[PDB]
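Written below as structure tokens is the structure these notes are about.
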Amino acid sequence: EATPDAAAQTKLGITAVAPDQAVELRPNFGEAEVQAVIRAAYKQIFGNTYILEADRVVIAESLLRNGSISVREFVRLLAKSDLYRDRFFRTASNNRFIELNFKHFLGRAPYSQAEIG
Amino acid sequence: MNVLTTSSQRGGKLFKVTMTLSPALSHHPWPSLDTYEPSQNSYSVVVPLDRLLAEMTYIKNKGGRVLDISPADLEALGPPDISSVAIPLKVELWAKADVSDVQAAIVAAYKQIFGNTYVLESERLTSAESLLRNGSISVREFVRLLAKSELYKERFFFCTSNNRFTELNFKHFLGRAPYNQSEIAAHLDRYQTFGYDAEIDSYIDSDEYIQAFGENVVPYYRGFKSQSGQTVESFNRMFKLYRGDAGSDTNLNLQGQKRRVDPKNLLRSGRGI
Ligand SMILES: *[C@H](C)[C@H]1/C(=C/c2[nH]c(/C=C3N=C(/C=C4\NC(=O)C(CC)=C4C)C(C)=C\3CCC(=O)O)c(CCC(=O)O)c2C)NC(=O)[C@@H]1C
Ligand SMILES: *[C@H](C)[C@H]1/C(=C/c2[nH]c(/C=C3N=C(/C=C4\NC(=O)C(CC)=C4C)C(C)=C\3CCC(=O)O)c(CCC(=O)O)c2C)NC(=O)[C@@H]1C
Ligand SMILES: *[C@H](C)[C@H]1/C(=C/c2[nH]c(/C=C3N=C(/C=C4\NC(=O)C(CC)=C4C)C(C)=C\3CCC(=O)O)c(CCC(=O)O)c2C)NC(=O)[C@@H]1C
């Protein structure tokens, strides 16, 4: 009984995310390069939910251009957003919130009940 | 680097932190040994006061080490205004100077020679002042006396390094900042054999001194305006050596005497030795 390599991935539809491409902001970044990190960050950090024009956070991503803040600081600004609160936390229970924060902030899920506590 | 906000949305004094980055602290998502981006050997972050303790411990627990911390409010301040030093002003001590004119020179000399640094009534030199105003001493010669004086040595030369003392000297005796690593090296060697007096003598004696404010002109700030044979970077170094009006050269302040001009910056303008 034979399986193509990457059969395990294609079942479970983890094919896209299994090995996952990293996006890095680089020095003297171009205008298109930054746009791509933003695009990525909003997809991971936010949930794969839809960010409409109104939703976007102008001030945080302006600082990301001109290197005032790093991407780690960009992520922190995104995470403390009416928008992040409105989705995620305000409707969720603390168990569902903490489990969501693991994932968006770090790809893993929570390893144990202690971590939740 | 520039900081764009003094305070966080929640009230909190931001503080710029500068570290030497380490592979652990940030690394490329690449195969092979982790490397920090070369351009960010010295990384800077602005953190609120609350996260400052945690931020710094983490940096240090990795191989990071902290280059310096500075309040964001002092940072993200205008480069000093050059208004007063763009055109120095200049003082000439005529022969047959009346009482007031001599006084003005004296004041001006103490200002330039000592930096903003204050000279108390007891510190002030009657003898040297005496000589000026019955003739006998040139403004140039008075200036030599001041740099010979202990007052000068105690502030500039006895606290800081000879490396620092040289540029400190340059600025006081010549408006210019130092150009090139060579000047710093020459002065140091002069000092080792000839001693302190000969070094002081070599700035007043130098033709650059003579060409500008040669005799009977109180020294003024030549730097901040374009001078012959001056490296372009020297102009930038003048902004480091001269911080605002009401900023001084002070042994008094914490770790008072340090180097305004980094050694590396000097190397850029010229190397050879
Ligand atoms: C339009 C023809 C019909 C329609 C669609 C519809 N979809 C939503 C909301 C979502 N749709 C998706 C779907 C996707 N995410 C993806 O990445 C992909 C492609 C890989 C799809 C197709 C998602 C995730 C959402 C949620 C968006 C969010 O997170 O905010 C709606 C809106 C429902 C809502 O209340 O948000 C609608 C209307 N529905 C119709 O009636 C049309 C027939
Ligand atoms: C080899 C010919 C010479 C040599 C190299 C050498 N390099 C290091 C350490 C580092 N080298 C770099 C270089 C880069 N990082 C980058 O990201 C890039 C490209 C974008 C370069 C070119 C960096 C940043 C480091 C320091 C941190 C790191 O390890 O990534 C060493 C070791 C220094 C140490 O003590 O760690 C060495 C030996 N040095 C030699 O001996 C050769 C002459
Ligand atoms: C008095 C209200 C408070 C105080 C003051 C204080 N200042 C110093 C030392 C200096 N302060 C200045 C001030 C200025 N320099 C300028 O040129 C101007 C505007 C043109 C000002 C106002 C300077 C130059 C110095 C440094 C030189 C020197 O100290 O001789 C001190 C002395 C510091 C020391 O430790 O010796 C003090 C005490 N401090 C207080 O206690 C009051 C709250």
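The listed protein sequences correspond, in order, to chains Z and M.
For the first sequence, PDB author numbering assigns the number 355 to the initial residue and increments by one for each residue that follows.
For the second sequence, PDB author numbering assigns the number 1 to the initial residue and increments by one for each residue that follows.
Note that the Cβ used here is the ideal one computed from N, Cα and C, for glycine as well.
Proximity of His28 of chain M to chain Z, defined by a Cβ-Cβ separation below 8 Å, is satisfied.
With fewer than 16 other CB atoms across the displayed protein chains lying within 10 angstroms of its CB, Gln211 of chain M is exposed. In the DSSP assignment, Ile113 of chain M is bridged to no other residue. With its beta carbon less than 8 Å from one in chain M, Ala376 of chain Z belongs to the interface.
Counting only Cβ-Cβ distances below 7 Å, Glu37 of chain M has contacts in chain Z at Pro381, in chain order. Residues of the same chain with a CB within less than 6 Å of the CB of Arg237 of chain M, apart from the 5 flanking positions on each side, are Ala177 and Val261 in chain order. Those residues that have a beta carbon less than 5 Å away from any non-hydrogen atom of ligand 2 are, in order along the chain, M:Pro23, M:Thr35 and M:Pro38. Annotation for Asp374 of chain Z: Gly461 place their beta carbon closer than 8 Å to its own, counting only its chain and skipping 5 residues before and after.
Closest by C-alpha distance to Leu77 of chain M, out of M:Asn251, M:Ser269 and M:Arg243, is M:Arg243. Chain-ordered, the chain M residues with CB closer than 7 Å to the CB of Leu417 of chain Z read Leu4. Residues of chain M whose Cβ lies closer than 9 Å to the Cβ of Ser422 of chain Z are, in chain order, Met1, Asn2, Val3, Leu4, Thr5 and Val46.
The residue among M:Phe114, M:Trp30 and M:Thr18 with its C-alpha nearest the C-alpha of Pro71 of chain M is M:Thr18. In the structure shown, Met19 of chain M falls within a strand segment according to DSSP collapsed to helix, strand and coil. Going by DSSP, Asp68 of chain M is part of the beta strand (DSSP E) stretching over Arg65 to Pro71.
With a cutoff of 8 Å on beta-carbon distance, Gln112 of chain M and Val218 of chain M are scored as near each other. Nearest neighbour of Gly175 of chain M by Cα position, chosen from M:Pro38, M:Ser22, M:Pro23 and M:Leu89, turns out to be M:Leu89. With a cutoff of 7 Å, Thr250 of chain M counts as near ligand 3, since its C-beta is closer than that to a heavy atom of the ligand. Straight-line measurement puts the Cα of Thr20 of chain M at about 7 Å from the Cα of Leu67 of chain M.
Counting along the chain, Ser44 of chain M sits inside the beta strand (DSSP E) bounded by residues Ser42 to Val47. About 24 Å separates the beta carbons of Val99 of chain M and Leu151 of chain M, which is beyond the 8 Å limit, so they are not a contact pair. If you draw a straight line from the Cα of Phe15 of chain M to the Cα of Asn116 of chain M, it comes to about 28 Å. Distance between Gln257 of chain M and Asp189 of chain M, taken at the CA atoms: about 21 Å. In this structure, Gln181 of chain M sits near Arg271 of chain M, with a CB-CB distance shorter than 8 Å.
Under the three-pair Cβ rule at 8 Å, the segment 379–391 of chain Z counts as touching the segment 418–438 of chain Z.
Annotation: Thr357 of chain Z to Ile368 of chain Z spans about 16 Å, alpha carbon to alpha carbon. By the Cβ test, the segment 37–46 of chain M is not in contact with the segment 451–468 of chain Z, since fewer than three Cβ pairs between them sit closer than 8 Å. In the three-state reduction of the DSSP assignment, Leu431 of chain Z falls in the helix class.
Taking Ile184 of chain M as the centre and dropping the five residues before and after it, the same chain places the C-beta of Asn163, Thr166, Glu167, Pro178 and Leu266 closer than 8 Å to its C-beta, in chain order. DSSP places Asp440 of chain Z inside the alpha helix (DSSP H), whose first and last residues are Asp436 to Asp440. Per DSSP, reduced to three states, the secondary structure at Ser7 of chain M is strand.
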